[PDB]
>>> print(open('start_22.cif').read())   # mmCIF, C-alpha atoms and all ligand atoms
data_data
#
loop_
_atom_site.label_atom_id
_atom_site.label_comp_id
_atom_site.auth_asym_id
_atom_site.auth_seq_id
_atom_site.Cartn_x
_atom_site.Cartn_y
_atom_site.Cartn_z
CA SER A 1 116.97 81.32 94.80
CA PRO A 2 113.61 82.82 95.87
CA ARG A 3 112.00 85.58 93.81
CA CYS A 4 109.39 88.13 94.86
CA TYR A 5 106.45 87.60 92.51
CA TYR A 6 104.87 90.81 93.80
CA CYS A 7 107.56 92.77 91.98
CA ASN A 8 108.94 89.89 89.92
CA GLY A 9 112.31 90.74 91.44
CA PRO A 10 115.09 88.84 93.23
CA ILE A 11 115.22 88.62 97.03
CA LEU A 12 118.49 89.13 98.90
CA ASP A 13 117.39 90.07 102.42
CA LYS A 14 115.00 88.06 104.60
CA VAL A 15 112.38 86.30 102.48
CA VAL A 16 108.80 85.72 103.61
CA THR A 17 107.06 82.42 102.89
CA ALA A 18 103.43 82.68 101.80
CA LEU A 19 101.20 80.45 99.67
CA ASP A 20 104.23 78.30 98.88
CA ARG A 21 105.73 81.43 97.32
CA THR A 22 108.44 83.93 98.26
CA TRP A 23 107.63 87.61 98.80
CA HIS A 24 109.61 90.71 99.75
CA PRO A 25 109.56 92.15 103.30
CA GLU A 26 108.48 95.63 102.22
CA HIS A 27 106.08 94.14 99.67
CA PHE A 28 104.51 91.86 102.28
CA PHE A 29 101.82 93.42 104.48
CA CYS A 30 98.68 92.17 106.19
CA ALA A 31 95.81 92.82 103.79
CA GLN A 32 93.47 92.84 106.79
CA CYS A 33 95.10 95.17 109.30
CA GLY A 34 98.24 95.87 107.31
CA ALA A 35 100.67 96.38 110.17
CA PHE A 36 102.94 93.45 111.04
CA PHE A 37 106.29 93.51 112.84
CA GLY A 38 107.25 89.90 113.52
CA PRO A 39 104.42 87.53 114.50
CA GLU A 40 104.59 83.74 114.75
CA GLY A 41 102.33 81.25 113.00
CA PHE A 42 99.77 83.12 110.92
CA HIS A 43 96.59 81.78 109.31
CA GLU A 44 96.06 81.86 105.54
CA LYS A 45 92.69 82.59 103.95
CA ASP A 46 91.83 82.95 100.26
CA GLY A 47 95.55 83.22 99.56
CA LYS A 48 95.68 86.22 101.88
CA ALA A 49 97.65 86.84 105.08
CA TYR A 50 95.70 87.58 108.26
CA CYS A 51 96.99 88.20 111.77
CA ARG A 52 95.82 86.08 114.69
CA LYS A 53 93.45 88.89 115.66
CA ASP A 54 92.17 89.41 112.12
CA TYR A 55 91.29 85.71 112.00
CA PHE A 56 88.93 86.02 114.96
CA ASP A 57 87.49 89.27 113.60
CA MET A 58 86.35 87.45 110.46
CA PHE A 59 84.24 85.24 112.72
CA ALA A 60 83.21 87.51 115.59
CA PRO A 61 84.46 89.96 118.26
CA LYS A 62 86.20 88.43 121.28
CA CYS A 63 87.71 89.85 124.46
CA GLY A 64 91.49 89.76 124.61
CA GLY A 65 91.15 87.63 127.72
CA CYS A 66 87.75 87.74 129.37
CA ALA A 67 85.26 85.84 127.22
CA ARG A 68 84.61 84.58 123.69
CA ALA A 69 81.34 85.83 122.20
CA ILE A 70 80.85 89.58 122.62
CA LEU A 71 77.35 91.02 122.99
CA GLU A 72 75.99 93.72 120.68
CA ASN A 73 77.80 96.66 122.28
CA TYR A 74 81.53 96.50 121.54
CA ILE A 75 84.63 98.69 121.62
CA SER A 76 87.61 98.54 119.26
CA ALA A 77 90.86 99.42 121.02
CA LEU A 78 94.51 98.40 120.64
CA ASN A 79 93.62 96.66 117.37
CA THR A 80 91.41 94.42 119.50
CA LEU A 81 87.70 94.33 120.33
CA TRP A 82 86.65 94.26 123.99
CA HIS A 83 83.30 94.36 125.78
CA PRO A 84 81.83 97.76 126.72
CA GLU A 85 81.92 97.08 130.46
CA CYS A 86 85.31 95.41 130.14
CA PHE A 87 86.63 98.89 129.41
CA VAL A 88 87.28 99.93 133.01
CA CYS A 89 90.24 100.58 135.29
CA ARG A 90 91.31 97.79 137.62
CA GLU A 91 90.50 100.18 140.46
CA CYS A 92 87.24 101.85 139.49
CA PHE A 93 86.12 98.83 137.47
CA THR A 94 83.30 101.13 136.37
CA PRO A 95 82.74 102.54 132.86
CA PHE A 96 82.96 106.27 132.18
CA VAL A 97 80.52 107.30 129.44
CA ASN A 98 82.54 109.82 127.43
CA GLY A 99 83.12 108.66 123.87
CA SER A 100 86.70 108.09 122.76
CA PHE A 101 88.65 105.10 124.08
CA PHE A 102 91.67 105.51 126.37
CA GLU A 103 94.58 103.06 126.46
CA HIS A 104 96.90 102.59 129.43
CA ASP A 105 99.54 99.88 129.90
CA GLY A 106 97.75 97.87 127.23
CA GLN A 107 94.58 98.08 129.31
CA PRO A 108 91.38 100.17 129.12
CA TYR A 109 91.15 103.25 131.33
CA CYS A 110 88.75 106.10 132.08
CA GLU A 111 89.16 109.67 130.84
CA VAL A 112 89.88 111.06 134.30
CA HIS A 113 91.88 108.01 135.37
CA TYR A 114 93.88 108.06 132.14
CA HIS A 115 94.83 111.73 132.42
CA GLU A 116 95.36 111.41 136.18
CA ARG A 117 97.93 108.68 135.53
CA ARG A 118 99.91 110.88 133.14
CA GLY A 119 99.55 113.82 135.49
CA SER A 120 102.48 112.70 137.63
CA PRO A 121 105.46 110.35 137.13
CA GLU A 122 104.85 108.23 140.23
CA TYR A 123 102.06 109.56 142.45
CA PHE A 124 100.51 112.73 143.87
CA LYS A 125 98.17 114.13 146.52
CA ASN A 126 95.20 113.72 144.18
CA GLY A 127 94.17 110.21 143.17
ZN ZN A 201 109.12 92.51 95.74
ZN ZN A 202 96.69 91.77 110.24
ZN ZN A 203 85.35 91.34 127.91
ZN ZN A 204 88.51 104.17 135.79
#
>>> encode(input="start_22.cif", output="structure tokens", more="lines below")
Ligand SMILES: [Zn+2]
Ligand SMILES: [Zn+2]
Ligand SMILES: [Zn+2]
Ligand SMILES: [Zn+2]
Amino acid sequence: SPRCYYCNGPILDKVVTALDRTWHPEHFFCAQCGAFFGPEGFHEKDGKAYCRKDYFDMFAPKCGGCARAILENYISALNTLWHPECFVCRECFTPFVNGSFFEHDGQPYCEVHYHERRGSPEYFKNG
């Protein structure tokens, strides 16, 4: 049976396969972002485990789904790096110089637009 070398102990529950070796679930964590739940097909580097996103980070910042190479200015949000201008609501489409990054429905939003969305459950007079 498989044995967790990280704690030199036996493995009863689900065993994770890495570097042709067996490791425990609680003893197995991404050494890059350290926060996995249940991905599929990860890349190995230097005997380490990196998420799909971490793999790209090692090379360069890329938009989740806009472009490849990101200019100088960049913004790290949702564990992913996206362009500075890409950070805009699908309605305003314009950036709102403020500072912190706002996340909404897995997409970038403005400070006023972000709070305005949480203001009401469905809609309201303002907006
Ligand atoms: Zn272990
Ligand atoms: Zn990771
Ligand atoms: Zn982008
Ligand atoms: Zn906006």
>>> residues_near_ligand(input="start_22.cif", ligand="ligand ZN 201 (chain A)", cutoff="6 Å", atoms="only C-alpha atoms and all ligand atoms", output="number ranges by chain")
A: 4, 6-7, 9, 23-24, 27
>>> residues_near_ligand(input="start_22.cif", ligand="ligand ZN 203 (chain A)", cutoff="9 Å", atoms="only C-alpha atoms and all ligand atoms", output="ChimeraX atom specification")
/A:62-70,81-87
>>> atom_distance(input="start_22.cif", atom1="CA of residue 119 in chain A", atom2="CA of residue 74 in chain A")
28.6 Å
>>> residues_near_ligand(input="start_22.cif", ligand="ligand ZN 202 (chain A)", cutoff="8 Å", atoms="only C-alpha atoms and all ligand atoms", output="number ranges by chain")
A: 29-36, 49-54
>>> residues_near_ligand(input="start_22.cif", ligand="ligand ZN 204 (chain A)", cutoff="10 Å", atoms="all atoms listed in the file", output="mmCIF file with C-alpha atoms, in the coordinates of the input")
data_model
loop_
_atom_site.group_PDB
_atom_site.id
_atom_site.type_symbol
_atom_site.label_atom_id
_atom_site.label_comp_id
_atom_site.auth_asym_id
_atom_site.auth_seq_id
_atom_site.Cartn_x
_atom_site.Cartn_y
_atom_site.Cartn_z
ATOM 1 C CA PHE A 87 86.630 98.890 129.410
ATOM 2 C CA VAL A 88 87.280 99.930 133.010
ATOM 3 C CA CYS A 89 90.240 100.580 135.290
ATOM 4 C CA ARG A 90 91.310 97.790 137.620
ATOM 5 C CA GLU A 91 90.500 100.180 140.460
ATOM 6 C CA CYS A 92 87.240 101.850 139.490
ATOM 7 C CA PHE A 93 86.120 98.830 137.470
ATOM 8 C CA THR A 94 83.300 101.130 136.370
ATOM 9 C CA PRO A 95 82.740 102.540 132.860
ATOM 10 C CA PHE A 96 82.960 106.270 132.180
ATOM 11 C CA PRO A 108 91.380 100.170 129.120
ATOM 12 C CA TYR A 109 91.150 103.250 131.330
ATOM 13 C CA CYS A 110 88.750 106.100 132.080
ATOM 14 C CA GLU A 111 89.160 109.670 130.840
ATOM 15 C CA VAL A 112 89.880 111.060 134.300
ATOM 16 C CA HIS A 113 91.880 108.010 135.370
ATOM 17 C CA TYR A 114 93.880 108.060 132.140
ATOM 18 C CA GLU A 116 95.360 111.410 136.180
#
>>> atom_distance(input="start_22.cif", atom1="CA of residue 44 in chain A", atom2="CA of residue 72 in chain A")
27.8 Å
>>> atom_distance(input="start_22.cif", atom1="CA of residue 5 in chain A", atom2="CA of residue 19 in chain A")
11.4 Å
>>> axis_aligned_box(input="start_22.cif", around="range 7-20 of chain A", padding_each_side="6 Å", output="AutoDock Vina command-line options")
--center_x 109.8 --center_y 85.5 --center_z 97.3 --size_x 29.3 --size_y 26.5 --size_z 26.7
>>> closest_residue(input="start_22.cif", among="A:71, A:121, A:102, A:2", to="residue 20 in chain A", atoms="all atoms listed in the file")
A:2
>>> closest_residue(input="start_22.cif", among="A:106, A:10, A:61, A:99", to="residue 78 in chain A", atoms="all atoms listed in the file")
A:106
>>> decode(input="start_22.cif", residues="range 12-83 of chain A", atoms="C-alpha atoms", output="PDB file, in the first residue's frame")
ATOM      1  CA  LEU A  12      -5.934   5.094   4.352  1.00  0.00           C
ATOM      2  CA  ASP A  13      -8.041   7.873   2.833  1.00  0.00           C
ATOM      3  CA  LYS A  14      -7.621   9.314  -0.663  1.00  0.00           C
ATOM      4  CA  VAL A  15      -3.964   9.278  -1.707  1.00  0.00           C
ATOM      5  CA  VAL A  16      -2.373  11.950  -3.897  1.00  0.00           C
ATOM      6  CA  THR A  17       0.087  10.984  -6.632  1.00  0.00           C
ATOM      7  CA  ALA A  18       3.117  13.257  -6.976  1.00  0.00           C
ATOM      8  CA  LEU A  19       6.649  12.670  -8.261  1.00  0.00           C
ATOM      9  CA  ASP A  20       5.854   8.962  -8.555  1.00  0.00           C
ATOM     10  CA  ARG A  21       5.249   9.054  -4.801  1.00  0.00           C
ATOM     11  CA  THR A  22       2.215   8.957  -2.507  1.00  0.00           C
ATOM     12  CA  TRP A  23       1.404  11.863  -0.193  1.00  0.00           C
ATOM     13  CA  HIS A  24      -1.326  12.632   2.341  1.00  0.00           C
ATOM     14  CA  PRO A  25      -4.248  14.965   1.519  1.00  0.00           C
ATOM     15  CA  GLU A  26      -3.657  17.270   4.486  1.00  0.00           C
ATOM     16  CA  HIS A  27       0.104  17.065   3.946  1.00  0.00           C
ATOM     17  CA  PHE A  28      -0.237  17.947   0.261  1.00  0.00           C
ATOM     18  CA  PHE A  29      -0.532  21.650  -0.555  1.00  0.00           C
ATOM     19  CA  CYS A  30       0.522  23.865  -3.447  1.00  0.00           C
ATOM     20  CA  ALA A  31       3.928  25.273  -2.539  1.00  0.00           C
ATOM     21  CA  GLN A  32       3.220  28.185  -4.881  1.00  0.00           C
ATOM     22  CA  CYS A  33      -0.236  29.408  -3.913  1.00  0.00           C
ATOM     23  CA  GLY A  34      -0.945  26.759  -1.304  1.00  0.00           C
ATOM     24  CA  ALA A  35      -4.714  26.525  -1.690  1.00  0.00           C
ATOM     25  CA  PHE A  36      -6.045  23.603  -3.732  1.00  0.00           C
ATOM     26  CA  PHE A  37      -9.497  22.010  -3.613  1.00  0.00           C
ATOM     27  CA  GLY A  38      -9.694  19.547  -6.489  1.00  0.00           C
ATOM     28  CA  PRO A  39      -8.018  20.597  -9.757  1.00  0.00           C
ATOM     29  CA  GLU A  40      -7.350  18.412 -12.798  1.00  0.00           C
ATOM     30  CA  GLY A  41      -4.010  17.851 -14.502  1.00  0.00           C
ATOM     31  CA  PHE A  42      -1.336  19.876 -12.723  1.00  0.00           C
ATOM     32  CA  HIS A  43       2.191  20.689 -13.894  1.00  0.00           C
ATOM     33  CA  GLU A  44       5.261  19.543 -11.961  1.00  0.00           C
ATOM     34  CA  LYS A  45       8.383  21.685 -11.584  1.00  0.00           C
ATOM     35  CA  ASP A  46      11.529  20.963  -9.573  1.00  0.00           C
ATOM     36  CA  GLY A  47       9.617  18.199  -7.818  1.00  0.00           C
ATOM     37  CA  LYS A  48       7.080  20.788  -6.687  1.00  0.00           C
ATOM     38  CA  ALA A  49       3.342  21.081  -7.325  1.00  0.00           C
ATOM     39  CA  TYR A  50       2.059  24.204  -9.077  1.00  0.00           C
ATOM     40  CA  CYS A  51      -1.481  25.099 -10.095  1.00  0.00           C
ATOM     41  CA  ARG A  52      -2.343  25.931 -13.697  1.00  0.00           C
ATOM     42  CA  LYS A  53      -2.259  29.621 -12.774  1.00  0.00           C
ATOM     43  CA  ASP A  54       1.013  29.346 -10.855  1.00  0.00           C
ATOM     44  CA  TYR A  55       2.590  27.796 -13.950  1.00  0.00           C
ATOM     45  CA  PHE A  56       1.841  30.878 -16.049  1.00  0.00           C
ATOM     46  CA  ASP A  57       2.931  33.195 -13.236  1.00  0.00           C
ATOM     47  CA  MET A  58       6.405  31.648 -13.313  1.00  0.00           C
ATOM     48  CA  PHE A  59       6.655  32.816 -16.925  1.00  0.00           C
ATOM     49  CA  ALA A  60       4.629  36.033 -17.029  1.00  0.00           C
ATOM     50  CA  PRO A  61       1.273  37.659 -16.170  1.00  0.00           C
ATOM     51  CA  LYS A  62      -1.652  36.809 -18.447  1.00  0.00           C
ATOM     52  CA  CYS A  63      -5.289  37.873 -18.595  1.00  0.00           C
ATOM     53  CA  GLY A  64      -7.775  35.214 -17.557  1.00  0.00           C
ATOM     54  CA  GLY A  65      -9.301  35.520 -21.007  1.00  0.00           C
ATOM     55  CA  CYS A  66      -8.380  38.672 -22.889  1.00  0.00           C
ATOM     56  CA  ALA A  67      -4.752  38.455 -23.982  1.00  0.00           C
ATOM     57  CA  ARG A  68      -1.441  36.728 -23.260  1.00  0.00           C
ATOM     58  CA  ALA A  69       1.409  39.132 -22.504  1.00  0.00           C
ATOM     59  CA  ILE A  70       0.472  41.802 -19.964  1.00  0.00           C
ATOM     60  CA  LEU A  71       2.052  45.258 -20.137  1.00  0.00           C
ATOM     61  CA  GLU A  72       3.921  46.802 -17.206  1.00  0.00           C
ATOM     62  CA  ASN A  73       0.858  47.874 -15.219  1.00  0.00           C
ATOM     63  CA  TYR A  74      -0.921  44.840 -13.768  1.00  0.00           C
ATOM     64  CA  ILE A  75      -3.500  43.936 -11.126  1.00  0.00           C
ATOM     65  CA  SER A  76      -3.619  40.762  -9.032  1.00  0.00           C
ATOM     66  CA  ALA A  77      -7.193  39.700  -8.280  1.00  0.00           C
ATOM     67  CA  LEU A  78      -8.969  36.382  -7.722  1.00  0.00           C
ATOM     68  CA  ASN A  79      -5.582  34.656  -7.583  1.00  0.00           C
ATOM     69  CA  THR A  80      -5.171  35.816 -11.182  1.00  0.00           C
ATOM     70  CA  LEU A  81      -3.402  38.729 -12.869  1.00  0.00           C
ATOM     71  CA  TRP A  82      -5.392  40.949 -15.231  1.00  0.00           C
ATOM     72  CA  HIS A  83      -4.600  44.120 -17.178  1.00  0.00           C
TER      73      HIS A  83
END
